[PDB]
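So the structure is just underneath, and the comments pick up after that.
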Amino acid sequence: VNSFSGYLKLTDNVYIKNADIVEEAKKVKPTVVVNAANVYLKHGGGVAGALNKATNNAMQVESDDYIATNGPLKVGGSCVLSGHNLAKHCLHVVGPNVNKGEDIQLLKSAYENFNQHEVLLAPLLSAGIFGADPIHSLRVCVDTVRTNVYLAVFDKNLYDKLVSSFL
Ligand SMILES: CC(C)[C@]1(CO)CCCN(c2ncnc3[nH]ccc23)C1
């Protein structure tokens, strides 16, 4: 039993809800929140910009130190950093950005990072400003993630479309 509330169950381990991941993180304080990161951990917009703003820029400060030490992430890769006031940990995961021409097959590799964590609150990878089809992102998620994932979908219209078309 965990503290997540109001989700629709898609499968044994995948759940979905119309929610702002920032407000959801602040209420649940999950062990792991997933950020829709880029390789430079520059949290300017989309989910990343929103999560970072909610940390009063502490996420960006921590991220800049991480990059200065380690260099950029790989597309499809991840790193674990602090969750600040939102979660115990933030798993920064880099899905391919279609608007940069990155290979969509890397979306499966991106979701594989979730399997290192028993329970996660997460957005749909490569959705939104990353340019991929969110119905495909949900499908890859379901077919790749085996741990318990709670997907927060900001757009109510998109949320309803994701459910009604799910197989
Ligand atoms: C389609 C999908 C990739 C998105 C909608 O879920 C697109 C728009 C930005 N994304 C967010 N998702 C959940 N919570 C959020 N809070 C602020 C932004 C945000 C991801």
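Chain identifiers are assigned as A, B, and so on, following the order in which chains appear in the structure tokens; residues are numbered from 1 within each chain, and ligands are numbered from 1 in order of appearance.
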
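The protein and nucleic acid residues lying at most 12 Å from residue 56 in chain A are residues 43, 49, 50, 62, 84, 85 and 86 of chain A, with only C-alpha atoms considered and sequence neighbours fewer than 6 positions away removed.
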
When the cut-off is 7 Å and you count only C-alpha atoms and all ligand atoms, which residues lie near ligand 1, shown as a VMD selection string? chain A and resid 19 to 22 46 to 47 50 123 to 130 134 152 to 155

Please write the residues from the selection above to a file, keeping N, CA, C and O atoms, as an mmCIF file, in the first residue's frame.
data_model
loop_
_atom_site.group_PDB
_atom_site.id
_atom_site.type_symbol
_atom_site.label_atom_id
_atom_site.label_comp_id
_atom_site.auth_asym_id
_atom_site.auth_seq_id
_atom_site.Cartn_x
_atom_site.Cartn_y
_atom_site.Cartn_z
ATOM 1 N N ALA A 19 -3.026 15.095 -13.571
ATOM 2 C CA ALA A 19 -2.480 15.822 -12.437
ATOM 3 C C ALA A 19 -1.251 16.594 -12.881
ATOM 4 O O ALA A 19 -0.565 16.207 -13.830
ATOM 5 N N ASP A 20 -1.006 17.702 -12.189
ATOM 6 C CA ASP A 20 0.238 18.449 -12.312
ATOM 7 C C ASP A 20 1.290 17.750 -11.462
ATOM 8 O O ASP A 20 1.145 17.670 -10.237
ATOM 9 N N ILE A 21 2.336 17.230 -12.112
ATOM 10 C CA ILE A 21 3.350 16.446 -11.409
ATOM 11 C C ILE A 21 3.977 17.243 -10.272
ATOM 12 O O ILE A 21 4.364 16.671 -9.245
ATOM 13 N N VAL A 22 4.066 18.566 -10.420
ATOM 14 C CA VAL A 22 4.600 19.398 -9.343
ATOM 15 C C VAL A 22 3.701 19.319 -8.117
ATOM 16 O O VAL A 22 4.160 19.056 -6.997
ATOM 17 N N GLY A 46 8.900 22.964 -19.957
ATOM 18 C CA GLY A 46 8.231 21.693 -19.832
ATOM 19 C C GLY A 46 8.210 21.225 -18.390
ATOM 20 O O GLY A 46 8.215 22.024 -17.444
ATOM 21 N N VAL A 47 8.181 19.902 -18.220
ATOM 22 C CA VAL A 47 8.197 19.322 -16.881
ATOM 23 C C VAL A 47 9.429 19.777 -16.110
ATOM 24 O O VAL A 47 9.339 20.098 -14.921
ATOM 25 N N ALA A 50 9.240 23.263 -14.811
ATOM 26 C CA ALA A 50 8.255 23.330 -13.736
ATOM 27 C C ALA A 50 8.799 22.732 -12.441
ATOM 28 O O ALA A 50 8.665 23.332 -11.371
ATOM 29 N N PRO A 123 6.308 11.614 -15.494
ATOM 30 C CA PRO A 123 5.601 12.077 -16.683
ATOM 31 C C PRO A 123 5.816 11.058 -17.794
ATOM 32 O O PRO A 123 6.631 10.136 -17.680
ATOM 33 N N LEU A 124 5.088 11.255 -18.884
ATOM 34 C CA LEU A 124 5.338 10.480 -20.089
ATOM 35 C C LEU A 124 6.591 10.995 -20.785
ATOM 36 O O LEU A 124 6.643 12.151 -21.225
ATOM 37 N N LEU A 125 7.595 10.127 -20.899
ATOM 38 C CA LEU A 125 8.863 10.518 -21.499
ATOM 39 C C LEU A 125 8.679 10.872 -22.964
ATOM 40 O O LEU A 125 7.899 10.243 -23.688
ATOM 41 N N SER A 126 9.418 11.889 -23.393
ATOM 42 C CA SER A 126 9.475 12.420 -24.748
ATOM 43 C C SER A 126 8.179 13.076 -25.197
ATOM 44 O O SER A 126 8.103 13.505 -26.347
ATOM 45 N N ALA A 127 7.174 13.188 -24.323
ATOM 46 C CA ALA A 127 5.937 13.886 -24.637
ATOM 47 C C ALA A 127 6.141 15.397 -24.506
ATOM 48 O O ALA A 127 7.250 15.887 -24.257
ATOM 49 N N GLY A 128 5.059 16.147 -24.702
ATOM 50 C CA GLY A 128 5.141 17.591 -24.552
ATOM 51 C C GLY A 128 6.150 18.173 -25.520
ATOM 52 O O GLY A 128 6.174 17.827 -26.707
ATOM 53 N N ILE A 129 7.008 19.062 -25.007
ATOM 54 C CA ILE A 129 7.953 19.789 -25.852
ATOM 55 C C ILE A 129 9.048 18.912 -26.441
ATOM 56 O O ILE A 129 9.804 19.393 -27.298
ATOM 57 N N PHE A 130 9.164 17.647 -26.010
ATOM 58 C CA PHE A 130 10.114 16.730 -26.638
ATOM 59 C C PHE A 130 9.606 16.158 -27.962
ATOM 60 O O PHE A 130 10.380 15.514 -28.679
ATOM 61 N N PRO A 134 2.429 11.033 -27.501
ATOM 62 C CA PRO A 134 2.250 10.513 -26.132
ATOM 63 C C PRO A 134 1.554 9.162 -26.066
ATOM 64 O O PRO A 134 1.772 8.424 -25.102
ATOM 65 N N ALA A 152 1.660 10.969 -14.193
ATOM 66 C CA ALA A 152 0.913 12.214 -14.080
ATOM 67 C C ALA A 152 0.862 12.870 -15.453
ATOM 68 O O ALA A 152 1.908 13.109 -16.071
ATOM 69 N N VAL A 153 -0.349 13.157 -15.920
ATOM 70 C CA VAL A 153 -0.586 13.780 -17.215
ATOM 71 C C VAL A 153 -1.238 15.128 -16.963
ATOM 72 O O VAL A 153 -2.346 15.194 -16.420
ATOM 73 N N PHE A 154 -0.540 16.195 -17.345
ATOM 74 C CA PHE A 154 -0.990 17.549 -17.040
ATOM 75 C C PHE A 154 -2.271 17.903 -17.790
ATOM 76 O O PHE A 154 -3.194 18.492 -17.217
ATOM 77 N N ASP A 155 -2.332 17.585 -19.078
ATOM 78 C CA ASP A 155 -3.422 18.037 -19.934
ATOM 79 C C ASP A 155 -4.622 17.110 -19.778
ATOM 80 O O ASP A 155 -4.524 15.910 -20.064
#

Listing only residues of range 59-86 of chain A within 8 Å of range 105-120 of chain A, what is the closest atom pair and its distance in Å (to one decimal) for each, using only C-alpha atoms, sorted by chain and residue number ascending, as a Markdown table?
| residue | atom | partner | partner_atom | distance |
| --- | --- | --- | --- | --- |
| A:75 | CA | A:106 | CA | 7.1 |
| A:76 | CA | A:110 | CA | 4.0 |
| A:77 | CA | A:110 | CA | 5.9 |
| A:78 | CA | A:113 | CA | 6.7 |

Considering only helix (DSSP H, G or I) as DSSP defines it on the backbone, what residues of chain A qualify? List them as a CSV table (one decimal) with C-alpha atoms, in the first residue's frame.
chain,number,residue,atom,x,y,z
A,21,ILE,CA,3.4,16.4,-11.4
A,22,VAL,CA,4.6,19.4,-9.3
A,23,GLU,CA,1.5,19.5,-7.2
A,24,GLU,CA,1.3,15.7,-7.1
A,25,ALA,CA,5.0,15.5,-5.9
A,26,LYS,CA,4.4,18.2,-3.3
A,27,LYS,CA,1.5,16.3,-1.8
A,28,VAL,CA,2.7,12.7,-2.1
A,46,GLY,CA,8.2,21.7,-19.8
A,47,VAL,CA,8.2,19.3,-16.9
A,48,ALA,CA,11.8,20.1,-16.1
A,49,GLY,CA,11.3,23.8,-15.9
A,50,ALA,CA,8.3,23.3,-13.7
A,51,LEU,CA,10.0,20.9,-11.3
A,52,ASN,CA,13.0,23.2,-11.0
A,53,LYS,CA,10.9,26.3,-10.4
A,54,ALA,CA,9.1,24.5,-7.5
A,58,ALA,CA,18.0,24.4,-6.2
A,59,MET,CA,17.5,21.6,-8.7
A,60,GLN,CA,19.4,23.7,-11.4
A,61,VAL,CA,22.2,24.6,-9.0
A,62,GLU,CA,22.7,20.9,-8.1
A,63,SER,CA,22.5,19.9,-11.7
A,64,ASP,CA,25.1,22.4,-12.8
A,65,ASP,CA,27.5,20.9,-10.3
A,66,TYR,CA,26.7,17.4,-11.5
A,67,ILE,CA,27.4,18.4,-15.2
A,68,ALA,CA,30.6,20.2,-14.3
A,69,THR,CA,31.9,17.0,-12.6
A,70,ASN,CA,30.5,14.3,-14.9
A,98,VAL,CA,12.0,14.6,-31.7
A,99,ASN,CA,12.5,18.4,-32.2
A,100,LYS,CA,16.3,17.7,-32.2
A,106,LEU,CA,15.9,5.4,-27.6
A,107,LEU,CA,12.6,5.9,-25.8
A,108,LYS,CA,12.7,2.3,-24.7
A,109,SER,CA,16.2,2.7,-23.3
A,110,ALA,CA,15.0,5.8,-21.4
A,111,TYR,CA,12.1,3.9,-19.8
A,112,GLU,CA,14.4,1.1,-18.8
A,113,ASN,CA,15.9,3.4,-16.2
A,114,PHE,CA,12.6,3.3,-14.3
A,115,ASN,CA,13.2,-0.4,-13.6
A,116,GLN,CA,16.0,0.5,-11.1
A,128,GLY,CA,5.1,17.6,-24.6
A,129,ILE,CA,8.0,19.8,-25.9
A,130,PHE,CA,10.1,16.7,-26.6
A,134,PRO,CA,2.2,10.5,-26.1
A,135,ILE,CA,0.1,7.5,-27.1
A,136,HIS,CA,3.3,5.8,-28.2
A,137,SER,CA,5.1,7.0,-25.1
A,138,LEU,CA,2.5,5.4,-22.9
A,139,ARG,CA,2.7,2.1,-24.9
A,140,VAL,CA,6.5,1.9,-24.7
A,141,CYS,CA,6.2,2.7,-20.9
A,142,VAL,CA,3.7,-0.2,-20.4
A,143,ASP,CA,5.8,-2.6,-22.5
A,144,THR,CA,9.1,-1.6,-20.8
A,156,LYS,CA,-6.9,16.8,-19.1
A,157,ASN,CA,-7.8,16.5,-22.8
A,158,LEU,CA,-4.7,14.4,-23.4
A,159,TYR,CA,-5.4,12.3,-20.3
A,160,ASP,CA,-8.9,11.4,-21.6
A,161,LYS,CA,-7.5,10.6,-25.0
A,162,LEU,CA,-4.8,8.3,-23.5
A,163,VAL,CA,-7.3,6.3,-21.6
A,164,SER,CA,-9.9,5.9,-24.3

Report, in Å with one decimal, the straight-line distance from CA of residue 97 in chain A to CA of residue 151 in chain A.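 About the pair CA of residue 97 in chain A and CA of residue 151 in chain A: they are 19.2 Å apart.
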
If you run DSSP over the backbone, which residues in chain A end up strand (DSSP E or B)? Put them as a CSV table (one decimal) with N, CA and C atoms, in the first residue's frame.
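Here's the written file part-v6.csv:
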chain,number,residue,atom,x,y,z
A,8,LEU,N,-6.1,5.7,-12.4
A,8,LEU,CA,-6.6,4.6,-13.2
A,8,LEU,C,-5.6,3.6,-13.4
A,9,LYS,N,-5.9,2.3,-13.2
A,9,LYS,CA,-5.0,1.2,-13.4
A,9,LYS,C,-5.0,0.7,-14.8
A,14,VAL,N,1.3,-0.3,-13.9
A,14,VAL,CA,1.2,1.1,-14.5
A,14,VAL,C,-0.2,1.7,-14.1
A,15,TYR,N,-0.1,2.9,-13.6
A,15,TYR,CA,-1.3,3.7,-13.2
A,15,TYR,C,-1.2,5.1,-13.9
A,16,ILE,N,-2.3,5.8,-14.0
A,16,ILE,CA,-2.3,7.1,-14.7
A,16,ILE,C,-3.4,8.0,-14.1
A,17,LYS,N,-3.1,9.3,-14.1
A,17,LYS,CA,-3.9,10.3,-13.5
A,17,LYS,C,-3.7,11.7,-14.2
A,18,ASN,N,-4.8,12.4,-14.3
A,18,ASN,CA,-4.7,13.8,-14.8
A,18,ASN,C,-4.3,14.6,-13.6
A,32,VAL,N,10.7,8.7,-5.4
A,32,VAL,CA,11.3,9.0,-6.7
A,32,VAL,C,10.3,9.8,-7.5
A,33,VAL,N,10.7,11.0,-7.9
A,33,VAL,CA,10.0,11.7,-9.0
A,33,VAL,C,10.9,11.7,-10.2
A,34,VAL,N,10.4,11.4,-11.4
A,34,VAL,CA,11.1,11.4,-12.6
A,34,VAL,C,11.0,12.8,-13.3
A,35,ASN,N,12.2,13.4,-13.7
A,35,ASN,CA,12.2,14.6,-14.5
A,35,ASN,C,12.5,14.2,-15.9
A,36,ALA,N,11.7,14.9,-16.8
A,36,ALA,CA,11.9,14.9,-18.3
A,36,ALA,C,13.1,15.8,-18.6
A,78,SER,N,20.2,8.4,-17.6
A,78,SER,CA,19.7,9.0,-16.4
A,78,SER,C,20.7,9.2,-15.3
A,79,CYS,N,20.4,10.0,-14.4
A,79,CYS,CA,21.1,10.1,-13.1
A,79,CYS,C,20.1,10.3,-12.0
A,80,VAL,N,20.6,9.9,-10.8
A,80,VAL,CA,19.8,10.1,-9.6
A,80,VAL,C,20.4,11.3,-8.8
A,81,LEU,N,19.6,12.3,-8.6
A,81,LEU,CA,20.0,13.5,-7.8
A,81,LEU,C,18.9,13.7,-6.7
A,82,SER,N,19.1,14.8,-5.9
A,82,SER,CA,18.1,15.0,-4.8
A,82,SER,C,16.7,15.4,-5.4
A,89,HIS,N,14.2,11.6,-4.0
A,89,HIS,CA,15.2,11.6,-5.1
A,89,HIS,C,14.5,12.0,-6.3
A,90,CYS,N,15.2,12.6,-7.2
A,90,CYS,CA,14.8,12.9,-8.6
A,90,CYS,C,15.6,12.1,-9.5
A,91,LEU,N,14.9,11.2,-10.3
A,91,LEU,CA,15.6,10.5,-11.4
A,91,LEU,C,15.4,11.3,-12.7
A,92,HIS,N,16.5,11.9,-13.1
A,92,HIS,CA,16.6,12.7,-14.3
A,92,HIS,C,16.8,11.8,-15.5
A,93,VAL,N,15.8,11.6,-16.4
A,93,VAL,CA,15.8,10.7,-17.5
A,93,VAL,C,15.7,11.5,-18.8
A,119,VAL,N,9.2,2.1,-7.1
A,119,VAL,CA,8.0,2.9,-7.3
A,119,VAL,C,8.4,4.3,-7.7
A,120,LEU,N,7.7,4.8,-8.7
A,120,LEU,CA,8.1,6.2,-9.3
A,120,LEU,C,6.8,6.9,-9.6
A,121,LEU,N,6.9,8.3,-9.4
A,121,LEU,CA,6.0,9.2,-10.0
A,121,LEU,C,6.7,9.8,-11.2
A,122,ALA,N,6.0,9.8,-12.4
A,122,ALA,CA,6.7,10.1,-13.6
A,122,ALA,C,5.8,10.8,-14.6
A,148,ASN,N,6.6,-0.2,-10.3
A,148,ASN,CA,5.3,0.4,-10.2
A,148,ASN,C,5.4,1.9,-10.5
A,149,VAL,N,4.8,2.3,-11.6
A,149,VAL,CA,4.9,3.7,-12.1
A,149,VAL,C,3.5,4.4,-12.1
A,150,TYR,N,3.5,5.6,-11.5
A,150,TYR,CA,2.3,6.4,-11.4
A,150,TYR,C,2.6,7.6,-12.4
A,151,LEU,N,1.8,7.6,-13.5
A,151,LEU,CA,2.0,8.6,-14.5
A,151,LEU,C,1.1,9.8,-14.3
A,152,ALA,N,1.7,11.0,-14.2
A,152,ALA,CA,0.9,12.2,-14.1
A,152,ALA,C,0.9,12.9,-15.5
A,153,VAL,N,-0.3,13.2,-15.9
A,153,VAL,CA,-0.6,13.8,-17.2
A,153,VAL,C,-1.2,15.1,-17.0

What separation in Å, quoted to one decimal, exists between CA of residue 73 in chain A and CA of residue 4 in chain A?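 Separation between CA of residue 73 in chain A and CA of residue 4 in chain A: 29.8 Å.
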
Between CA of residue 5 in chain A and CA of residue 131 in chain A, measure the distance and give it in Å to one decimal. 28.8 Å

Calculated over only C-alpha atoms, which of the candidates A:145, A:41, A:94, A:88 has the smallest distance to residue 71 in chain A? A:41
